[PDB]
Amino acid sequence: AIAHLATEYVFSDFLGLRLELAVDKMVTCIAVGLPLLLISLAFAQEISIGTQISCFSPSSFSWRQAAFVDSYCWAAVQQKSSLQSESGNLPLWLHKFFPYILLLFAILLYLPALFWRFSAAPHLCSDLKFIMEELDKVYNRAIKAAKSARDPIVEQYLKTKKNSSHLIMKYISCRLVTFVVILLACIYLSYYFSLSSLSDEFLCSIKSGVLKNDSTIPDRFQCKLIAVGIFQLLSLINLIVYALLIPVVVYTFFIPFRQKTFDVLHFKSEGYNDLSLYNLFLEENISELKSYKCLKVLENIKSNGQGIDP
Amino acid sequence: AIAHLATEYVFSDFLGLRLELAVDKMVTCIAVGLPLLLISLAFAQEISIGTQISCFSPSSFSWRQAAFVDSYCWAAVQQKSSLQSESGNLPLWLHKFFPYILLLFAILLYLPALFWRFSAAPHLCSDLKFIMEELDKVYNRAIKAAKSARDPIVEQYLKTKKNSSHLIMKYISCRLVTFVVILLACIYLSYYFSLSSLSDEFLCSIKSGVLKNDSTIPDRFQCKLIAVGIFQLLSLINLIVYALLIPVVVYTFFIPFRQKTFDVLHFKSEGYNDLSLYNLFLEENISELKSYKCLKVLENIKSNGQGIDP
Amino acid sequence: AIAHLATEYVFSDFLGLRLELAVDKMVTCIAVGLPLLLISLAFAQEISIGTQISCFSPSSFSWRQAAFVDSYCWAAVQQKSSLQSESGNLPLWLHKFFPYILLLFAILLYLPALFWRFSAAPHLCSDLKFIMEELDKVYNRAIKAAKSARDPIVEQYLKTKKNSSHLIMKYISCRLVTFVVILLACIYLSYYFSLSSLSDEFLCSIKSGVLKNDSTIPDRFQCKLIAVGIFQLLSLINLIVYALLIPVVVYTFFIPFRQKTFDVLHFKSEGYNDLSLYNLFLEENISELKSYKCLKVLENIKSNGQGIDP
Amino acid sequence: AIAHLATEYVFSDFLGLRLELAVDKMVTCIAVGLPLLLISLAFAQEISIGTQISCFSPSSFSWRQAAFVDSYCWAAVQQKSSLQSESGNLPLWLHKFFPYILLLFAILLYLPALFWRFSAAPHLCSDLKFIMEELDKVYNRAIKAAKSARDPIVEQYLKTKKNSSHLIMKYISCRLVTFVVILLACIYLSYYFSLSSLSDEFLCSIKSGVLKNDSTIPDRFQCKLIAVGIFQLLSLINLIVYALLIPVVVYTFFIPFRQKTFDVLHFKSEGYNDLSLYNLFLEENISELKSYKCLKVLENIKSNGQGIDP
Amino acid sequence: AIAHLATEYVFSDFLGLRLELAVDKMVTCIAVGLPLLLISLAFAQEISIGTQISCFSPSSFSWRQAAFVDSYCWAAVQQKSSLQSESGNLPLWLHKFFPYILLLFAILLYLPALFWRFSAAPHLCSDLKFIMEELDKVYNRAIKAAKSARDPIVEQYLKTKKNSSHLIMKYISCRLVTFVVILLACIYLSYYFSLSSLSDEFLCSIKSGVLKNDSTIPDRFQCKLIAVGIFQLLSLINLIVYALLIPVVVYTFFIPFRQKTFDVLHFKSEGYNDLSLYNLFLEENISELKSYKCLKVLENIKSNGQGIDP
Ligand SMILES: CC(C)CCC[C@@H](C)[C@H]1CC[C@H]2[C@@H]3CC=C4C[C@@H](OC(=O)CCC(=O)O)CC[C@]4(C)[C@H]3CC[C@]12C
Ligand SMILES: CC(C)CCC[C@@H](C)[C@H]1CC[C@H]2[C@@H]3CC=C4C[C@@H](OC(=O)CCC(=O)O)CC[C@]4(C)[C@H]3CC[C@]12C
Ligand SMILES: CC(C)CCC[C@@H](C)[C@H]1CC[C@H]2[C@@H]3CC=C4C[C@@H](OC(=O)CCC(=O)O)CC[C@]4(C)[C@H]3CC[C@]12C
Ligand SMILES: CC(C)CCC[C@@H](C)[C@H]1CC[C@H]2[C@@H]3CC=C4C[C@@H](OC(=O)CCC(=O)O)CC[C@]4(C)[C@H]3CC[C@]12C
Ligand SMILES: CC(C)CCC[C@@H](C)[C@H]1CC[C@H]2[C@@H]3CC=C4C[C@@H](OC(=O)CCC(=O)O)CC[C@]4(C)[C@H]3CC[C@]12C
Ligand SMILES: CC(C)CCC[C@@H](C)[C@H]1CC[C@H]2[C@@H]3CC=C4C[C@@H](OC(=O)CCC(=O)O)CC[C@]4(C)[C@H]3CC[C@]12C
Ligand SMILES: CC(C)CCC[C@@H](C)[C@H]1CC[C@H]2[C@@H]3CC=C4C[C@@H](OC(=O)CCC(=O)O)CC[C@]4(C)[C@H]3CC[C@]12C
Ligand SMILES: CC(C)CCC[C@@H](C)[C@H]1CC[C@H]2[C@@H]3CC=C4C[C@@H](OC(=O)CCC(=O)O)CC[C@]4(C)[C@H]3CC[C@]12C
Ligand SMILES: CC(C)CCC[C@@H](C)[C@H]1CC[C@H]2[C@@H]3CC=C4C[C@@H](OC(=O)CCC(=O)O)CC[C@]4(C)[C@H]3CC[C@]12C
Ligand SMILES: CC(C)CCC[C@@H](C)[C@H]1CC[C@H]2[C@@H]3CC=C4C[C@@H](OC(=O)CCC(=O)O)CC[C@]4(C)[C@H]3CC[C@]12C
């Protein structure tokens with residue numbers, strides 16, 4: 001089934017205008033997708049031995065009595081009054097709930113993208129639909145002029161956007177939340193990887209109620225959480241990748257402000273202003289226009305040779 | 001399978017004109033969707049140990065006798081004459097039926113949306129289809145006038161709607177029922193989370209009938225409900241999210257009345273009147289009209305620069 | 001799997017012209033759909049403990065001998081000569097066949113709708129197709145007259161329908177059968193809910209044939225039907241909903257006769273006559289005509305303001 | 001199920017313009033696809049005996065005690081304090097994680113192709129769409145001239161590409177990473193195949209905690225990893241194929257530079273320059289143009305017979 | 001499930017222009033398809049008894065000790081130091097890996113077809129698309145001439161192909177590899193069928209490590225490979241069919257050279273030259289042309305009666 005997981009989570013896509021930037025979409029796919037793969041691998045039948053916990057019951061216990069001990073101690077992992085270990089009870093909770101914790105990170109990293117799709121993409125879509133179709137008319141006019149010579153509402157409207165700073169707050173906050181959640185996940189995963197491997201072993205007791213006086217039951221059962229060594233291993237993989245995402249996410253703060261007389265071909269940064277976002281989103285969309293490509297071909301020729309000024 | 005649950009309930013949509021407001025639809029998706037995820041996680045094989053209850057049968061019992069005790073005590077959870085516990089029998093019922101109780105909340109939170117789709121959306125759809133197509137003619141006429149100058153049935157009909165107050169009662173009652181059900185669910189979930197963790201343990205007896213005289217059977221069996229610690233944990237997650245929905249739902253009462261010379265571009269609140277609903281539903285639909293977008297572009301330019309009055 | 005059941009039976013639809021009235025279709029979906037959900041929930045793995053019956057075999061019985069007792073007593077539930085209980089054998093039959101009894105109600109409540117689709121909808125469809133297309137011509141003519149002035153075969157044919165009383169008998173009988181089946185189901189479900197919870201316990205004997213003389217076999221085995229407490233619980237849910245459907249179904253008898261100079265816009269009741277049905281079915285279909293909507297807009301304006309008589 | 005694996009991974013394709021060269025795509029399909037097949041075959045039910053590990057527990061151990069030993073020793077494979085073997089613990093880790101290691105190679109060999117699809121194919125696609133449609137006009141003009149006689153923007157633009165050397169770095173680095181990962185996989189697989197077959201046997205001890213003093217438990221359990229002989233066998237198959245891919249990948253470094261007055265029919269190598277890539281990508285795409293095929297037919301005739309110069 | 005296998009592998013097809021000759025495609029479907037069916041039948045539940053190996057453990061061994069012996073001896077089949085048999089260890093390897101060996105033949109017989117689809121079909125497709133459309137013009141002209149009378153680039157181009165001998169090497173080598181692999185499979189299958197039926201029985205020992213001194217374990221366990229009698233039976237079926245394919249494959253060497261003033265209707269062999277391949281591929285494609293069929297009808301009439309010379 002491991003090969004099906006690779007087909008589902010790596011070799012196929014999951015989770016019109018481009019209303020998300022390619023880098024931001026790519027980071028989201030890695031950040032959300034990787035925990036779901038690692039959860040699926042942690043319980044693959046190739047690696048699983050069929051149970052999360054086993055306890056050494058005495059030889060006199062019947063098969064159902066030993067099955068009770070395993071089931072009770074799986075519940076007792078939450079119940080401080082009936083546990084003992086080389087450390088506190090906290091590792092045992094983390095070892096049990098490791099699958100839910102990775103799922104929680106996957107969800108929390110998806111919510112910023114879902115919010116952008118809910119709260120910002122509809123407005124941006126309606127604007128990009130307008131701006132691109134009017135830019136196409138401007139480019140077709142420029143082509144006809146150049147082709148004849150050598151064989152302003154958009155400008156006004158775009159100049160309004162640098163006054164607005166509306167979407168830039170929605171964008172930067174979506175980036176900033178993604179950064180914080182990745183950083184917190186790195187802190188957790190490095191802690192969980194640091195836990196002693198023998199923190200998977202604990203002592204359990206069933207002598208809570210009517211059993212409390214029964215001399216035939218031993219006072220402590222040795223139990224082991226069988227998958228914990230795999231969980232810690234896969235936590236290192238997740239930590240490595242998330243540490244590599246942190247530089248990329250930080251770069252997405254400065255891509256609008258710096259890194260990416262009015263010019264309708266050269267989209268450029270304009271500061272902490274929505275026009276900087278529209279410049280990014282146009283540059284990832286304007287290349288679909290046939291007329292833009294023709295003018296950029298002429299500009300590249302003029303940059304190298306015959307002076308067909310664009 | 002946990003990764004499939006995330007794909008099914010988070011990373012894909014489940015449960016023409018927009019006949020429900022985006023916030024109301026979003027709240028419904030969270031309120032109905034979250035219990036179904038949490039039910040599915042509570043019985044995930046990654047976390048389950050294969051049975052809901054285990055009882056400590058004595059060593060002399062055969063395998064089938066011990067299987068009888070577990071099956072009888074699962075039934076006896078409902079049967080006051082054969083239970084004993086540190087508290088009343090009520091916790092044991094809640095621990096058993098936790099999956100049905102979350103399912104009940106999911107259903108009860110869907111019924112207001114289903115009623116709106118049944119009782120109000122058909123009438124509203126027929127009106128919005130009419131109003132938008134006639135508004136498009138008004139806008140196209142205004143564009144042609146403005147483009148020529150600078151390079152009333154709808155008004156009468158809409159003025160009838162502020163007399164009707166028909167749909168506003170259907171809408172506000174759907175909001176109000178959703179509020180009440182979320183509030184009652186919060187009261188339950190906070191109670192269920194408050195129950196002692198050892199309320200998962202109870203004493204069972206099989207000595208009802210012919211077995212009543214059998215000296216070989218112990219008078220009480222120790223039983224434990226194994227999943228209860230997970231149910232209480234997931235109840236905290238559900239309580240947290242529903243407490244965050246309450247402010248959002250309350251805001252949906254005042255969005256029509258306040259928060260959202262006749263003006264065909266600026267849709268506005270008009271009180272406890274159906275025109276306030278039509279203003280909300282138009283504002284979420286009118287942005288699809290090409291002619292509306294052009295006039296709003298001119299209005300934005302006029303707001304910032306050249307006085308092309310819309 | 002409980003979440004899949006909710007997706008299948010609540011959050012999605014199951015079981016052109018509208019040839020069934022919305023209320024009648026809605027009642028049918030609830031009446032037929034609810035038993036199928038409740039059956040599915042009664043055997044959900046979240047709530048099931050893997051067997052319907054368990055009997056306490058003695059400790060000397062082998063594993064296969066105890067498996068024989070459970071299998072024999074499941075069959076013996078039908079066989080009066082080998083049962084004993086605190087009451088008659090009738091409860092034990094109902095406890096065993098509870099799933100089939102709910103299935104039987106679901107089927108019997110679907111047959112009236114299936115009969116309407118078989119015996120009445122084809123004729124009604126051919127008439128509504130004719131009447132609506134000729135009404136559209138009448139409305140378009142009235143619009144052109146009104147638009148010019150202020151900027152009869154259908155009547156003859158419809159007047160024939162009030163003489164026919166053909167379909168009204170088919171309709172009312174389909175309603176009446178649905179009422180009777182819901183009422184009988186309420187009587188059963190309230191009886192089944194009233195049965196003592198300990199009617200799930202009975203005494204079984206295997207000493208029929210060659211075993212009759214065997215002194216090593218006990219004369220009675222204690223058996224318990226494990227799911228019965230869930231069946232009675234879910235029977236209360238079904239009883240509550242069906243009791244709420246009864247008022248709605250009764251209202252569907254009087255919707256044609258009363259509640260819903262010839263007027264082609266105001267469809268109205270005409271007594272125990274097929275024209276009353278055609279008036280109901282037109283009123284649920286005529287709103288799709290663009291020309292009808294225009295005339296109703298003018299009528300609403302005339303009702304409030306400028307006297308553009310429709 | 002083995003026949004389904006062959007259908008899925010051999011007899012069907014998995015993982016517009018041709019934006020990847022056929023040889024590079026073919027190598028990627030083999031390099032990524034083969035580990036996924038071999039993983040799937042290693043756990044086929046035809047060959048599996050249902051468990052990864054078995055340990056010889058003593059005859060006095062109960063069934064659940066022996067199940068504990070197997071589960072503990074599967075976990076102990078990671079835990080140096082409780083292992084002994086004829087060699088170090090490293091082989092035991094490799095034997096356990098063989099499925100993940102092959103999966104890791106499959107992923108690492110896919111990432112270069114995914115990067116090309118992300119970072120280079122969009123720009124190349126926009127250029128090839130332009131260049132081919134303008135070349136089609138040049139060829140149609142040449143056909144009309146030749147057909148009449150015997151019954152420059154593209155040149156300027158392409159001459160800019162040999163100045164750029166932009167895509168050649170992206171391409172060669174994708175090839176170079178693929179080479180390195182295949183070489184490292186060959187080093188691992190030849191090492192893993194070289195491990196002694198009896199490295200699948202190790203000695204395990206459960207005497208860690210409360211069990212440490214128990215005289216009834218033997219100090220060492222003999223355990224065997226059952227699948228290891230299959231893993232080493234399939235590692236030889238993977239090593240053989242990857243060794244055959246190495247010559248092919250190396251050839252893909254020199255295909256642009258050498259091996260593959262301006263001529264619009266004969267695409268040719270131009271050095272370490274992007275024009276060399278465009279020449280390769282055009283030659284794999286230009287054959288779709290009807291006008292190119294006609295001119296190549298005339299060129300082939302002129303090469304053999306009547307001098308219809310192309 | 002056997003009936004599903006027949007539906008999947010016999011009664012349905014698996015694995016535009018015809019770019020493979022019908023006989024060559026048919027041989028490939030049999031040669032590749034038959035092993036996959038026979039593998040699937042060898043493990044059908046109708047015939048399988050649920051395990052590949054069973055060993056006779058002594059009566060004192062616990063259930064888990066006997067499960068260890070079976071699992072160890074399945075691994076020991078590869079491990080010469082712990083086997084004994086009436087012959088060498090080679091039969092035991094073949095009995096274990098019979099499913100992989102048949103899979104290997106299925107794959108090796110598919111690779112020649114995959115290579116033809118990769119390396120030759122694209123060029124041939126581009127030529128056949130050209131040649132057929134120009135032949136259609138020649139035939140339509142000949143029809144119009146004949147219909148009027150009685151109520152050369154292609155020739156030049158095709159005459160170039162007999163100089164090329166390019167594709168004939170690719171074709172004959174694909175045929176020759178298919179012949180060699182079928183012949184080698186026949187040699188193996190006849191050997192494997194010849195092995196003694198009691199070669200499925202071998203003696204196993206677990207006394208490798210700590211167990212080496214244990215006097216309670218017998219020195220040899222009798223083991224039997226349960227499916228081997230089915231594998232040898234199905235090997236006879238595979239051998240019979242492959243022996244019948246050998247004559248057909250050999251005939252495909254001489255179909256181009258012999259067996260199958262320029263004539264545009266009668267495609268004919270021209271020696272070891274690509275024109276011989278084009279003649280074969282045209283003859284399997286030219287019959288789709290309406291104009292060809294008309295001329296062949298006239299030729300058949302002229303062959304029998306009225307002299308309408310084609
Ligand atoms: C043992 C350790 C030290 C080796 C080095 C770390 C690897 C295990 C890391 C490095 C890059 C990682 C990969 C980076 C990107 C992806 C793609 C991601 O899928 C997508 O983003 C899909 C994108 C699309 O389809 O558009 C799934 C996880 C995966 C394979 C990551 C899995 C883990 C990888 C291979
Ligand atoms: C289902 C998904 C979407 C959410 C999963 C959330 C859980 C992974 C969280 C919620 C509640 C958390 C627990 C709340 C309470 C505790 C007890 C607390 O215990 C101690 O400090 C014990 C110290 C001692 O041993 O004395 C440590 C954190 C822990 C385990 C938390 C660990 C993480 C948990 C299980
Ligand atoms: C351990 C606790 C203290 C951490 C904080 C609480 C989280 C567990 C909460 C906060 C927000 C919650 C999420 C808010 C919104 C959604 C979306 C919801 O899906 C949809 O609404 C789909 C919408 C669409 O697809 O259009 C499913 C539940 C989920 C993931 C919620 C799951 C639980 C979350 C992550
Ligand atoms: C299948 C879905 C759609 C609906 C599920 C509904 C149930 C979750 C409801 C319906 C009937 C309810 C029960 C009706 C009767 C009782 C007994 C009652 O018992 C006591 O008060 C016991 C006190 C004592 O111990 O003396 C407490 C509430 C309880 C468990 C209720 C809990 C919630 C139940 C099970
Ligand atoms: C514990 C008791 C006392 C609480 C109160 C009773 C509820 C359990 C009842 C009240 C309304 C009932 C619901 C009324 C309507 C429906 C819709 C029905 O589905 C449809 O009719 C689908 C309609 C469509 O999709 O068009 C399925 C049963 C359900 C959820 C019913 C399930 C049981 C509900 C929630
Ligand atoms: C498969 C679906 C579509 C139909 C299911 C129909 C059953 C649920 C019906 C048909 C025959 C009925 C039974 C016919 C005979 C009997 C025996 C009869 O027994 C007594 O009166 C016993 C009195 C005593 O204990 O002395 C009570 C009704 C009962 C159980 C009936 C209960 C309901 C049954 C099982
Ligand atoms: C026992 C050993 C010594 C025999 C010789 C080695 C074989 C086991 C090798 C030689 C060629 C290999 C094959 C080369 C190519 C492929 C195609 C590959 O699938 C694709 O590339 C799909 C291509 C497409 O569909 O476009 C899957 C692996 C496979 C069958 C390889 C499987 C292993 C093979 C048969
Ligand atoms: C889930 C997929 C995508 C990634 C799988 C990565 C693993 C296969 C890697 C990551 C960590 C690696 C391990 C990290 C630590 C060790 C311990 C180390 O131990 C010794 O050197 C023991 C020497 C002794 O016996 O004294 C040898 C390498 C090994 C097994 C490594 C083998 C390969 C592992 C398991
Ligand atoms: C017991 C022995 C001595 C009887 C004689 C041998 C048969 C078992 C052989 C003779 C012909 C064989 C068949 C020849 C052709 C085919 C078709 C082949 O499927 C295809 O080629 C599909 C073709 C398509 O669908 O286009 C699958 C194997 C099968 C049924 C072969 C199965 C084995 C058969 C029946
Ligand atoms: C997974 C698919 C695609 C490929 C399957 C390939 C195997 C079926 C091949 C590869 C390695 C081969 C084995 C390599 C080594 C040996 C040991 C060799 O042993 C002896 O000669 C033993 C003599 C003695 O008993 O003393 C005999 C051939 C054999 C079993 C070979 C049989 C066929 C094998 C298992």
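The sequence lines fix the lettering, A, B, ..., with proteins before strands; numbering per chain opens at 1.
- Ring geometry for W63(E) against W63(D) counts as tilted: the plane angle lies between 30° and 60°, on a 0 to 90° scale.
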Check step by step if side-chain contact (heavy atoms from CB on, under 4.5 Å) holds for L102(C) and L189(C).
-> CA-CA 9 Å; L102(C) 290 200; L189(C) 292 163; 4.1 Å; yes
From CA spacing to verdict: side-chain contact (heavy atoms from CB on, under 4.5 Å), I47(C), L41(C) = CA-CA 8 Å; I47(C) 285 285; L41(C) 292 178; over 6 Å; no
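- Contact check for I226(A) versus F68(D): no side-chain heavy atoms found under the 4.5 Å cut-off.
- Proximity of a side-chain donor or acceptor of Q52(E) to a complementary backbone N or O of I49(D) within less than 3.5 Å is not detected.
- A distance of 9.0 Å separates CD1 of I53(B) from CG of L92(B), quoted to the nearest 0.5 Å.
- The list of disulfide (SG to SG under 2.5 Å) pairs with a residue in residues 42-96 of chain B, not counting sequence neighbours, reads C55(B)-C223(B), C73(B)-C204(B).
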Anything under 3.5 Å between a donor and an acceptor, one on a side chain of residues 181-188 of chain C, the other on a protein residue two or more places apart or in another chain? List them.
none

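- For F97(C), the CZ atom sits in a packed shell: over 12 heavy atoms of surrounding residues, nucleotides or ligands are nearer than 6.0 Å.
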Pair up each side-chain donor or acceptor in residues 229-240 of chain C with any protein partner under 3.5 Å, not counting sequence neighbours, and list the distances.
| unit_1 | atom_1 | unit_2 | atom_2 | d |
| --- | --- | --- | --- | --- |
| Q232(C) | NE2 | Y192(C) | O | 3.0 |
| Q232(C) | NE2 | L195(C) | O | 2.7 |
| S235(C) | OG | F231(C) | O | 2.7 |

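- Annotation: side chain to side chain donor-acceptor pair (under 3.5 Å) contacts of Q84(C) (sequence neighbours excluded): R220(C).
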Can you list the steps and then say if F98(C) with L225(C) is a side-chain contact (heavy atoms from CB on, under 4.5 Å)?
-> CA-CA 12 Å; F98(C) 173 81; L225(C) 300 182; over 6 Å; no
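- Remark: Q45(D) engages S48(D) in a side-chain contact (heavy atoms from CB on, under 4.5 Å) (not counting sequence neighbours).
- Checked by atom type and distance alone, the side chain of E46(E) pairs as donor or acceptor with a backbone atom of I2(E) at under 3.5 Å.
- Side-chain contact between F202(A) and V77(A): present, with at least one pair of heavy atoms (C-beta onward) separated by less than 4.5 Å.
- Pairing each heavy atom of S59(A) with each of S62(D), the nearest pair is O-CB, 4.4 Å.
- The side-chain heavy atoms of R64(D) and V69(A), taken from C-beta on, include no pair separated by under 4.5 Å.
- Here the shortest heavy-atom pairing between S71(C) and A67(C) reads OG-O, 2.9 Å.
- Residue pairs meeting the side chain to side chain donor-acceptor pair (under 3.5 Å) criterion with at least one member in residues 195-212 of chain B, sequence neighbours excluded, are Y72(A)-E201(B), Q79(A)-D200(B), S208(A)-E201(B), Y72(B)-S208(B), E86(B)-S196(B), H95(B)-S199(B), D200(B)-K224(B), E201(B)-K224(B), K207(B)-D219(B), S208(B)-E201(C).
- Relative ring orientation between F61(C) and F221(C) is described as tilted, the plane-to-plane angle lying within the 30° to 60° band.
- Atom OG of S81(B) sits about 7.5 Å away from atom CG of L83(B), to the nearest 0.5 Å.
- Put simply, the side chain of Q65(D) gets close to the backbone of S57(A): a donor and an acceptor are under 3.5 Å apart.
- At a threshold of 4.5 Å between non-hydrogen side-chain atoms, the residues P218(C) and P58(C) count as touching.
- The side chain to side chain contact (heavy atoms under 4.5 Å, CB included) with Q222(C) is formed by just one residue from the set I206(B), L211(B), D214(B); it is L211(B).
- We find the CD1-NZ distance between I101(B) and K96(B) to be 12.0 Å, quoted to the nearest 0.5 Å.
- What you find for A42(C) and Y100(B) is that their closest heavy atoms are N-OH, 3.9 Å.
- Scanning both residues, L36(C) and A106(C), for their nearest heavy atoms gives CD2-CB, 4.0 Å.
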